[PDB]
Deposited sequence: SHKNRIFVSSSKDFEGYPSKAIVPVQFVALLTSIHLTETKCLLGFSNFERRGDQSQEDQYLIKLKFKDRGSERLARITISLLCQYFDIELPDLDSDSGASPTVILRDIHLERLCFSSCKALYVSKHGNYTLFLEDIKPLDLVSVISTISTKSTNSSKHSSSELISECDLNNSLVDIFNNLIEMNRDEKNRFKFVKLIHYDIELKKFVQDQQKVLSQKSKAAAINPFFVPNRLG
């Protein structure tokens, strides 16, 4: 046997989880916000089921200076991977609605940790996915509680929800406003937008 890390397809699943327990989970979602202060470091994620950003809030807790540095070094690499630029080390980080500019697919491993009906997600790993890859995985193609299609299914859903936000006028999200709108993204979008017939 193993840890039996549970795959969650939605923050709504947390509503039926144990009330005092530590449960390892994994979920796929777009990075939507970063907040780095001196006492706190917060990562927002959304899946965009109907939409609303930061459904998942993952916490990187820290008390010391060393902790504080580690948290900062972590944020720094995550932003570099996704080409999100940061102020200079030698110069507080606040990033909101990241998805309006970038589209940062991420596979996360967290610890759902709950007490008295309240729960917190602590990060254990994060795998940034390349938009390049994500598009392949969709165009193209451990524990007993994660199917090797869950991740894939998630990526597919995220992108559909993304499509329905693009159409919707009262939504600030639009494929064109993305800093990285290639022609591949265009045609990918168009293809998936044709999988309705």
Practice item. Note down, first to last, the deposited-sequence stretches for which the model contains no C-alpha atom. Key: 51-54, 96-101, 152-159, 216-233
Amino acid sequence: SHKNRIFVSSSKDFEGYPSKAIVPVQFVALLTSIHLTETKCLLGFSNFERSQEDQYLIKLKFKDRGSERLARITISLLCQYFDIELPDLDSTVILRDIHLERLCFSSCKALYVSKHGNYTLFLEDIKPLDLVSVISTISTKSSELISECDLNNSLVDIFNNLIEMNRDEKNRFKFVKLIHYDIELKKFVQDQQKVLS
From here on, numbers count along this sequence of modelled residues.
Practice item. Answer yes if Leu43 is missing coordinates in at least a third of the other compared entries, and no if every one of them models it. Key: no
**Study point:** At least a third of other PDB entries omit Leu145
**Key:** yes
Point to revise | Mean temperature factor over C-alpha atoms, higher-scoring stretch between 25-33 and 130-138 | key: 130-138
Check your understanding: On average, which has the higher Cα B-factor in the deposited entry, 16-24 or 182-190?
Key -> 182-190
**Study point:** Within-chain third of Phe45 by Cα B-factor, per the entry
**Key:** lowest
Revision key, fill the gap. Split the chain's modelled residues into thirds by Cα B-factor; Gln80 lands in the lowest
Check your understanding: What third of its chain, lowest, middle or highest, does the C-alpha temperature factor of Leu86 fall into?
Key -> middle
**Study point:** Chain-relative CA temperature factor third for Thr74
**Key:** lowest
Check your understanding: Which third of the chain holds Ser143 when residues are ordered by C-alpha B factor: lowest, middle or highest?
Key -> highest
